[PDB]
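We begin with a single chain expressed as structure tokens, specifically the form deposited in one PDB entry.
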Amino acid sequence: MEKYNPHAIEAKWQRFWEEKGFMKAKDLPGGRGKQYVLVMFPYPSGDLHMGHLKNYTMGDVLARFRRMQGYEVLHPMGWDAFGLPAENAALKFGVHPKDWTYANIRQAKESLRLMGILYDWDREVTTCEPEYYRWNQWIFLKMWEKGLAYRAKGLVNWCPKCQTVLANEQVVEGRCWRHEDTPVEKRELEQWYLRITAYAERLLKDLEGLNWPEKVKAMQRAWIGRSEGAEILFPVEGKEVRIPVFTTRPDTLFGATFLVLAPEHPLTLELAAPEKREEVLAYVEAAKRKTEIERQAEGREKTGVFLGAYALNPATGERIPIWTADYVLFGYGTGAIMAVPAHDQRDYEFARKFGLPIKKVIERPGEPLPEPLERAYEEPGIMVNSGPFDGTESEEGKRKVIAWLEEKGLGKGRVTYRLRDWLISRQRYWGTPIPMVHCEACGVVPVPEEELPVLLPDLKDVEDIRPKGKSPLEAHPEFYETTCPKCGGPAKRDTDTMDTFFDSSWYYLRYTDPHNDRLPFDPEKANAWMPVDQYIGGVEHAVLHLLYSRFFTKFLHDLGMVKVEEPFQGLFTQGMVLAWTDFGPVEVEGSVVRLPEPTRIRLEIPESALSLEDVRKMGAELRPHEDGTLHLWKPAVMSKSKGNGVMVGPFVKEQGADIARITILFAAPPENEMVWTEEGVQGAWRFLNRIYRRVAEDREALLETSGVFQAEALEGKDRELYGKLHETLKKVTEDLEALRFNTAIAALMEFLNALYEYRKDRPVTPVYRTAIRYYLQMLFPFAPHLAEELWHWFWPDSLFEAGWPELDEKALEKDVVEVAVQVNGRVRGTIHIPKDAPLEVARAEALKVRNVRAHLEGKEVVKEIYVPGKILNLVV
């Protein structure tokens, strides 16, 4: 009997599929129903290890499966080559972006191949290639003609390291999404913006009937931050200008004891009295250089400064002082807020800090508010000290005060969103050029459609493209010196480049027509493949990619190019992958595990000594090491940085693909985080082995046996197996359609074990033949090699043309099941009787069990509950 050998069959079969062209997506899916399985394309930066493969595998399992079922599958793959992620990688290794990009793409593309993964590469797409970004620019123009793209000056986020501006969504915890060790800063500058906010309502209203992870949906709702309320106009004293503010508590208007303007608000300086004019300019610019991190380090000791001007409370008419404090966001509402310390803990704290007035106008139902208040009372209540509103309820009060302000023309009801606009212009070389020219006479002029693409200046000098503070294209007149396509005089091309997230925002749409030189894609085509039925990815693109794509699809929908309005119908979010990591040497002494500083620091814990127990309790262990000392190991995220990756190729060579697949899809539940391990792999070896042995050993017999027969005529073990078979066929089919792989696999390990047992007694019957035909077909998605291999010992064509096994309902039916006999609620034993056996039969069969405990325990019995399914309770 031969043995299972990966190398001998793996690469073999891989070529076979590639050449046979099975996962080649059709152009316009017929009435066969389509399936668009797609995983987020990668950032060509770094080598591919196992942690990275978890997502593509699943997409492969899924794609293969759907393919067998007959659906027209589209399982594209490509590269998110342009932007900061890539360029920053290259620049780190002093390599030229274009070289570094095509280097990874080559490697990465090999790994995937070495894994059994099949794409329809006739659709590969590289974002940084002119053939692609050509269209980023064509889109950008169409957005401009619809006034969705524009320029504007103001403070923006700046990443010193990246040496460019970042969108708000690229500022995770006031730090760069890439350099979580670099505190983002603020700078005055004029950039480009996409009016995503013009889609704030739809972007929210459509999240409703969506089948996505709660976590994601939640986050977007918070990022969009819709907030119903009112815009109130406070007349400034002496001047003509009226200052507007936003609030959700118009019912506390009489509580307004002072206004507050954002340090960057226009009037903050145009109102500050001369004697203060200096103190304001000092603080205004002080709040600027203050990084978000620095702000969030003050707690509630917020700062502020009195301008020197006053305003009139459009409700009472009294003169309230006007201040300015960083806690107010120029980018939110109207950069101005009416302060009501009595009903807002943030304002309250401020008021009490700078000796400002606190005035209650909302009374708590029942137990009166302790005067003087010691804390702002926010909850609803009754309106007091509020002119003609006294005795009204906060709730009804609002719409009233609103309708009121609206009548007097002092304010209006208005909805505002937290969502700020999208800042896409970037000061980096490696990126799409913004198709705009800056004529001196006409101003900002768009490049003609046909004059596209605006090719990127070829710069083969690393030390040149390196960002120093402004677009590298600024020192290249050969590029930025052109003529205005409007008047004709001398103009200047835009030196800034679109951000990476601009191209990743519609690729899924590009794969549907990867070679279109007239349009970014043919509507007819994309309409036949969208939306994306399944979308494997990660949650780190919650407010980013998953946000922007929705915008872009809505925009493209309005141009009438895409019929849907939500790109990703389904969306899975796989979990991290960990791996036992070496943390360093330790000094064991009995039970005391003293830690040398280098190790401790790596563990990142305050303790400098632990007990053999704590080391265990924290999930670590002590191993012997090549340096002849004891090292401490403990899982950790598998990453290059950690140097605990498990390289795809170096692995498949020594082990196998299918082995890595199984070890990955059975480690734990997909969404959970697994821990790649030796034992994990060893187990996959054994599972794959036995699958092989079993079919090998009955190969000859199988060949001379026919797999045809009449099910109803089956009896005994035969009939038994036939059930267990379809029992499995069902669990497996469902588990797949629900992305629950671990169990689909185990469902197979279990039937395998079933097949072995069946041989201990029964020969090699037709049913058994069929049992293998089905086992293989089902195994395909997980171990496509070993399956195709064994499958050919008895069948001609590839598993790809076998179809998915048809489940047989009638077969799932039980007869003579195993009921459990319990005495007085406690399970005393079990018996074997039909699913229909009447109480009399069960009672009987039970009264004489192994230990006849049902008898020794039931020497009285009163009531007897009997669930024909599997229960018989003898209530003593």
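Between two forms, the rigid core is the largest collection of C-alphas that superpose within 1.5 Å. One-based numbering along the sequence shown.
Relative to one another, 741-749 and 702-710 have unequal mean CA B-factors, and 702-710 is the one with the higher figure. The stretch 364-372 shows the higher mean C-alpha B-factor when 364-372 is compared against 190-198 in the entry. The entry lists C-alpha B-factors for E214, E124, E734, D181, and the highest of these is at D181. For the set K408, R134, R426, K634, the PDB entry puts the maximum C-alpha B factor at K408. When the modelled residues of the chain are ordered by C-alpha B-factor, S505 sits in the lowest third.
Ranked within its chain, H96 lands in the highest third, by CA B factor from the PDB record. Placement of the Cα temperature factor of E379 within the chain: highest third of the modelled residues, per the deposited record. When the modelled residues of the chain are ordered by their C-alpha B factor, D27 lands in the middle third. Ranked by C-alpha B-factor against the other modelled residues of its chain, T316 falls in the highest third.
There is another form of this protein, the form deposited in another entry, and it is not shown here; the text below is about that form.
Only one of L748, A660, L259, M436 has its C-alpha shifted by 2 Å or more between this form and the one not shown once the core is superposed, and that residue is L259. Once you line up the core between this form and the one not shown, the Cα of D461 stays within less than 2 Å of where it was. Remark: with the core as the superposition reference, the CA shift of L271 between this form and the one not shown reaches 2 Å or more.
After superposing the rigid core, the Cα of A286 is displaced by 2 Å or more between this form and the one not shown.
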